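A.B. asks: I have a structure I would like to understand better, so I am pasting it below and will then ask my questions one at a time.
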Amino acid sequence: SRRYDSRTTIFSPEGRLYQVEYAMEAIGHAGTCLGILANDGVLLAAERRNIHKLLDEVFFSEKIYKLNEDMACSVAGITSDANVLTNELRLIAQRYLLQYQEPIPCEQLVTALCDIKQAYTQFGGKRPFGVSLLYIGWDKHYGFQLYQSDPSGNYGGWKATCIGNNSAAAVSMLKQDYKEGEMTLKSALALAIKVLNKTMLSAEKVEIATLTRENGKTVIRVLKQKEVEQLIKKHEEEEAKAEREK
Amino acid sequence: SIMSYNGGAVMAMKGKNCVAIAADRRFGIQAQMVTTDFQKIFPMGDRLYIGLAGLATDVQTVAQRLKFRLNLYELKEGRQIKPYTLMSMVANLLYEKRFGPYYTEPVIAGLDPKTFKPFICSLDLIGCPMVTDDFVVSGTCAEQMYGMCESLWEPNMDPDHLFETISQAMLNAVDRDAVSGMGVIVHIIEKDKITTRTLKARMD
Amino acid sequence: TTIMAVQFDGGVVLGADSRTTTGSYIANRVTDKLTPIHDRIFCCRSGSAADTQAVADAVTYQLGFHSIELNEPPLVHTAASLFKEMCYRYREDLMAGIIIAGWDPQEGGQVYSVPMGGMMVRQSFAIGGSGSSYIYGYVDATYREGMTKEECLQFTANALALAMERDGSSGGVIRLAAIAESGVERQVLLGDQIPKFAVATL
Amino acid sequence: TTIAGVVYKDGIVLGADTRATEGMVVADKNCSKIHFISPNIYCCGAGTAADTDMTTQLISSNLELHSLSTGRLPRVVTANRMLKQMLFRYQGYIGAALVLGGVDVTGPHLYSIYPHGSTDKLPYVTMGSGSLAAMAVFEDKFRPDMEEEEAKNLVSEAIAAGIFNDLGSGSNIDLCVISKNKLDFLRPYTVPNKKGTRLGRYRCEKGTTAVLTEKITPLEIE
Amino acid sequence: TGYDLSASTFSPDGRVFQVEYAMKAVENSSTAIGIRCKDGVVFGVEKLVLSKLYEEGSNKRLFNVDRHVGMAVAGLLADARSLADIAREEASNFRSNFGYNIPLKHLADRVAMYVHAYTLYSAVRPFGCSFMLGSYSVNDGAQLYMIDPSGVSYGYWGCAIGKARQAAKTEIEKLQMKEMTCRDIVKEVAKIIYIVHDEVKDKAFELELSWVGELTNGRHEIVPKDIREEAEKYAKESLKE
Amino acid sequence: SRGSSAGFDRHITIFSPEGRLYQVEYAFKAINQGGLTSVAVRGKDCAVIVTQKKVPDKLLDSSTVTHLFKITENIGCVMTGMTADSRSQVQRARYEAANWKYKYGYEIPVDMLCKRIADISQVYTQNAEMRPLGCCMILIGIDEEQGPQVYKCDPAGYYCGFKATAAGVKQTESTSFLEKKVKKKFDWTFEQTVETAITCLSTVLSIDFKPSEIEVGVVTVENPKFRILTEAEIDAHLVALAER
Amino acid sequence: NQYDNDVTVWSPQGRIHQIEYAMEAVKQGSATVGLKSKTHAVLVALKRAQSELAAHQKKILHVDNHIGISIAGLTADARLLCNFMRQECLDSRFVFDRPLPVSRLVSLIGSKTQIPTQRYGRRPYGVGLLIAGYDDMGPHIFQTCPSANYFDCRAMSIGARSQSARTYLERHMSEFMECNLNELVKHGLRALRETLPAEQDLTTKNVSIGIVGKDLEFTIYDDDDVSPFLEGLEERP
Amino acid sequence: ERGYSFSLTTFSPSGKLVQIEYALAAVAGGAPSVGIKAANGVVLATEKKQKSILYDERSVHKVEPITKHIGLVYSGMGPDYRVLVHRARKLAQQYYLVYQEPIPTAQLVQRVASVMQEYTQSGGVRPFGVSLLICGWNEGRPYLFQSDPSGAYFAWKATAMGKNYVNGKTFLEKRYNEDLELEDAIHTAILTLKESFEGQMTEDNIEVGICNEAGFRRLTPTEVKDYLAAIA
């Protein structure tokens, strides 16, 4: 019926797609996720929002999903939409592996998902997915890679980026702190801890995943509470020394 | 006859706290050998393997589709699959083609991901599963393998003895089959390690 | 199999043997081939057991729903028509000869044959199954108009007994059912209750 | 394969041999042919093993949904109806011959179900390649309203007849006793056959097999 | 106020205004009456003639929906013809499936449910017609049913649909139709149609008469021309005096 | 808020700001449009449904005007509200019961039939393109295990078993009367249950019924088949009520 | 207003405004007249020219040997309906080897055009038809409307200013049955001329005729083939 | 008719899916429910107040078994809950048919939450107006999950839903303890319900289910009567 139809996939008089803009507004308030690319690996660091004291932990992590042997992602926005999209990502990766018997290159996976999102923005009369994703991966064509995609189906590769709450301030910090081509996993983790400290920290409030290569194999690992506590303490004493020096 | 088109033989055997899975290496078309290193045993976990005999195209297709399904299962569940669950998954896959069946008869051999208990089983081409406590076999030389295993298998074998038993069974069984052989590969699966060996075998 | 139904003033008498074979093996020797389709409507089944079971179940469902909708007792002719529609529509897939016999207030007692192929005919009496071939003459010689219910029961018992004696695919016990306004009276003749005819000697 | 069932005074006894063959070679010496349907309903299966397994699993799951929704114990007639309508839908191409037995609110019930979807409700039934021998035992010895031990012995004798006279049947005898107040899944109930003792030793000592290549992959443990 | 635009929307009072509007369409139509007597059913219709250009018998509002079932309509004629096609299909399908004439009550229920299906959705609109079904059989007697746009079906001894239904009902209630024959009832039907007809507003009209009963051997048919001429003479004589 | 509205929440089944479904409430209001009332009472070994019968026109064929329907030989129902909606729902219930018997081999229990109908209704409450039916169904029957059964389902998809219940214009007063009656005691005989139902209807309407003004349907453990009483039996009950 | 945009919306008065608007579509079209005698059915159509250099739009169409139609309203809808009618007549001749009776064709048109008047998003057909036919019951003039109603007429006129033609036809219909073909066509032409304004006049360019009868298959006369029928026509008042 | 093809849940300029928030308002107006995960089991409790004594309180249950080892309860709209229960039982059976193993609690919760999400984006439907508490036992471990109308799910040690659930959560925070056994968990759950309960609680006023190694089961009125007598 025409009367009740929301008209989700139509242009506005200024050439805008209002549902997509509103979905991006939704993502703007979600938990902060940041990705940093280094020479010897790539990391994701996400702010945990499920911080109630009676919550139980049963899973690999709250906001970081393994997509395949060589790729993981973090999601900011509508959680259930994110579950739908992560399942689709895993299916796309496995289909590629079935057809070619090699792992899907990261950008091909990102493009395949962004096609679905874009389709939801152009026809069908459905609301778009209210999810932005950060992807980290490794393949043989381009090595360590970090991508970002948004509800419009746009995507881009980054050396460092941030989505979710306070993403603009985090991006400014990364612009002024990232050394192109001169980043290690260790300094990348230090920078991630600093940036998350500014745009907000304590160990239970952040989950960190690293992706590295070991013996021609990809290792995706979520840092345990011990490692994150040590990183936070290292940042705290670094800041104490910096303050004292001045 | 369709499953004799390419030949081949796989066998699995249970030891004390270990399993063995073995396969012949020949890939041929009827009487002609094409290669002598065709893979018939595929890893499905750290301590879980599936051997596939029968039509080579169906061997490859079933291994690939099973890997598809297993990868999705292990991502979604966040855990390694148990051998019995893999057996059920394979049975479902094969039965889906009940009237268009894949021409392969898998064997599965592994250890429980949490308890490291030996597991072996076999399936017919439409997916009827059979779990056994001593040994299973599949392929063109099934009768020969049955004879050898019935005669040589003993309970509670340590890994070295299991290796010798399965190796002798496979070698002597395939020596009496024209379209199986050209080498034998054996995987011994234990709690702490996987030992892969290729045997000195007749190449005629 | 041998099935039979006979009309009498005020009702019908149905009868069947109880043998179900697979090849020459008797899988069931006390089969019940008289199936109630409704309170006062029965069918006798011959042919493939699976086909007649499925068709009779489908007709039972359809007729019960129809009777509920109309709030009236179903007509025997309606049950015969449903059977006919199913047997004709799937004549290439079904192997089912049916006799629909019953009582309704509008037309009294009625017998309809729905043989293989799905034609439908009303008859004063009907026989069917492999064994019926052996009793055609007998029935044609013995049937007469105005038989009472007791006479019809005896006639059916005799006919089925003869068929069973000759037909390897028939035998067991004789199941009879009399249907009238008052209801359905079922009985089983077995052993010495089955009519006997001496085998000629010398 | 030999499977059988009887109705006794207070319930059902089902029985099966435990051999599964491929052609004329024994594949499984310890095949379990009595399948769970519901806590009060069991099913022995002959014919195509995959067909039997899948059909009984499907009907068991559907009956579980039905019982969850109704909150009542399932009826044997429901299982029979579901099975027979499915089998008829497949026009005999699902090669499942079944002996379905249970105890529900209306007492004990035993059905034989044939691949084409025909069913028979009977006080005793046999199926499989050894069905005729077991049926001979039943016809010779069955009596109505036997006590539990008599019924167990009778079904066991029937399965034994199948085991010893049909090449397709062998190995152990499994029983399943169903009553309103219990279920006894006796696997194995009897072991009439056993492998003979191995007179000689054919133990392959270490080093007997020649090896071309070897590769040891250490596995990381928790 | 927005609540009356779709049949899939209840008003805050629990009414479905689109159905009521369809009923209004019915109410703005020339009247038809059915009368059940001991021997059968008689239908009369006041077919308004909107111009002399039309052939006599144009836009008939009495239909044969089955050998034994006649149908009289009021409201949107095209909707009524659609419902008559539906009724004919129902009767033919019933004969095909069950092998005998559809009972009138069952046919009325089936057509009423078809009508009801159009009262639930925004995709379609309710039918704009009311109609009566009449039948006579040896086993069932004489049956007269009426169905309205909401899909409500009821059996009647005397029924009037259209714009003069209340006055026609007042006139019908004066007859003891339960102990009358079709031959007298046709005259009474003609008289009632002539009484309720508005001579000023409605201009000219044709009387349409049909019946089904013992005298027709259970077949629904137009009343023979001589019978109708006698009935119309009686109705005019009753009016003039 | 209270009675707040956003968007189209008064026209289609979408949540209002309070989490309400206004169209469902409006269907409940539509139930009362018929102007009638029915009551159902569960006895020890019987269940009874009484309902108003109204035939304002003497031209109506009173036999065809009823709200009691056989769903199965052992299940009967009384429908309240919009008549055509009620007839469609009765047709659906008959279909569900016949299909149940065809698929499972035993008669559908009353509770399961009520659940099935309620699930269909719930679907009407979540899909926007159709309206809910404006009717309420009360089913009675004898379950071999639970005994007599009275169940009710409504346009919200909500259903429940009852000791006694009512539907229609005088639902609230009927429920108050029946609540007092069941509080005082509940172990009623067949005559007692019928008289309780009739008294509930008479008191809420304040009428003393002639036989032709009400309809009665009963199931009993002795005769589980659903039976609709005749004016003779109803008048016998009415006289046995007046005398006391 | 809120009631006058969809065919599935009843107005509070019990009307369906979209159908009335389609009626207007018909009332805009150029006049056409149909009439009949005991033996013949005649359609006479006044054709419009959009420009003085354009040909006049054809208003009479063939359907079958025994059936022709005159259209008034949207011409694309007219073509849709004409194609449907042609297919129905072809189906009748294919299956029963007999011409489709005119009344049955009209009933089929009624069902086809009623369907869209009840479904959301559909519109009524925006064309009115005069159908001239001959069958075993004699000649027939039918009028079909966007409302899906149809009428069996002694004579009819539809289109712009057709009320004048209807007045003439009402006046003179007593004479149509016992008219020969020439007198019948002349009556049709006078009726059609009544629709014309004073400045306009009937010529061989803006008039088309269609005739069907017992021994005459449906024939359309255009251009000079109309001159024989116009020759005997007197001068208008 | 065929259903509307456009979504009835769309983004607002602030980035909110307001229909989901309204379904959550419906949930918050539901009857209180409580879940507590003990060391050796899980307890689901829910207020089950009937409008009148005429209601046969033992005819419809709010605590439902999904599988031998999985049960659930809800806050919000009952009919929606029945829909979700039917879907959950179907999903569990499908999992069992493929894997021949009882579905893990987390997997069942994920599948049901997927269905609930589908009802926030598909055409012509509203979201479910319910929140579910799903309890299960597998791998020798108890599991307590909550699934919301939006299709988001969370793992809890203890939680409360429905009317007055914020006070219930504070109360559970104060009382809860990871080491307590199942019987202590049942006592704590009933106490949590008592906080927001109107009138006296009886074994017929509340419904309780428990999941442990043996499986999930609804407690009987006699067992609940014993626990209530102990609570006093």
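Numbers run from 1 along the shown chain.
Structure determined by electron microscopy, 2.0 Å.
Placement of Cβ uses the backbone N, Cα and C atoms for every residue, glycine included.
Dumping what Swiss-Prot says about this protein:
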| type | residues | note |
| --- | --- | --- |
| CARBOHYD | F:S4 | O-linked glycosylation site |
| MOD_RES | F:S16 | phosphoserine |
| MOD_RES | F:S62 | phosphoserine |
| MOD_RES | F:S63 | phosphoserine |
| MOD_RES | F:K101 | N6-acetyllysine |
| MOD_RES | F:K103 | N6-acetyllysine |
| MOD_RES | F:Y158 | phosphotyrosine |
A.B. asks: Select one residue from F:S4, F:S16, F:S62, F:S63: among these recorded positions, choose the one with the most other Cβ atoms within 10 Å of its Cβ.
C.D. replies: F:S16
A.B. asks: Per 10 Å Cβ neighbour count, which of the modified residues F:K101, F:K103 ranks highest?
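C.D. replies: Buried the deepest by this measure is F:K101.
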A.B. asks: Once the chains shown are all counted, how many other Cβ atoms turn up within 10 Å of the Cβ of the residue listed as 'phosphotyrosine'?
C.D. replies: 18
A.B. asks: Looking at the recorded positions F:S4, F:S16, F:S62, F:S63, F:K101, F:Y158, which ones have a CB within reach of chain C, meaning under 8 Å Cβ to CB?
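C.D. replies: So the ones by chain C are F:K101.
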A.B. asks: Could you state the CA-to-CA distance between F:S63 (phosphoserine) and F:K101 (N6-acetyllysine) to the nearest Å?
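C.D. replies: Cα-Cα distance, F:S63 (phosphoserine) to F:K101 (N6-acetyllysine): 30 Å.
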A.B. asks: Counting distance between Cα atoms, which of the recorded positions F:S4, F:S16, F:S62, F:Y158 is nearest F:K103 (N6-acetyllysine)?
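C.D. replies: Out of the listed candidates, the nearest Cα belongs to F:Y158.
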A.B. asks: Could you state the whole-number distance in Å separating the C-alpha atoms of F:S16 (phosphoserine) and F:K101 (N6-acetyllysine)?
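C.D. replies: That separation, Cα to Cα, works out to 41 Å.
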A.B. asks: Cα of F:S62 (phosphoserine) to Cα of F:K101 (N6-acetyllysine): how many Å, rounded?
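C.D. replies: Rounded to a whole number, the Cα-Cα distance is 33 Å.
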A.B. asks: Report, in whole Å, the straight Cα-to-Cα distance of the residue listed as 'phosphotyrosine' from F:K101 (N6-acetyllysine).
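C.D. replies: About 24 Å separate the Cα atoms of these two residues.
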A.B. asks: Modified residues F:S16, F:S63, F:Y158: which sit with Cβ under 8 Å of a chain H Cβ?
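C.D. replies: So the ones by chain H are F:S16, F:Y158.
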A.B. asks: Near chain E, which of the modified residues F:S16, F:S63, F:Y158 can you find when the cut-off is a Cβ distance under 8 Å?
C.D. replies: F:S63
A.B. asks: Measuring Cα to Cα, tell me the gap between F:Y158 (phosphotyrosine) and the residue listed as 'O-linked glycosylation site' in whole angstrom.
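C.D. replies: Rounded to the nearest whole number, the Cα-Cα distance is 24 Å.
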A.B. asks: Should F:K103 (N6-acetyllysine) be counted as helix, strand, or coil on the basis of DSSP?
C.D. replies: helix
A.B. asks: In the three-state scheme derived from DSSP, which category covers the residue listed as 'O-linked glycosylation site'?
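C.D. replies: Coil, per DSSP.
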A.B. asks: Run a quick check on F:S4, F:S16, F:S62, F:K101, F:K103: which of these recorded positions have any Cβ-Cβ distance to chain D under 8 Å?
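C.D. replies: Listed in sequence order, the recorded positions near chain D are F:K103.
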A.B. asks: In which DSSP state, out of helix, strand and coil, do we find the residue listed as 'phosphotyrosine'?
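C.D. replies: Coil, per DSSP.
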A.B. asks: What does DSSP say about F:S62 (phosphoserine): helix, strand or coil?
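C.D. replies: Once the DSSP labels are grouped into three classes, F:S62 (phosphoserine) ends up as helix.
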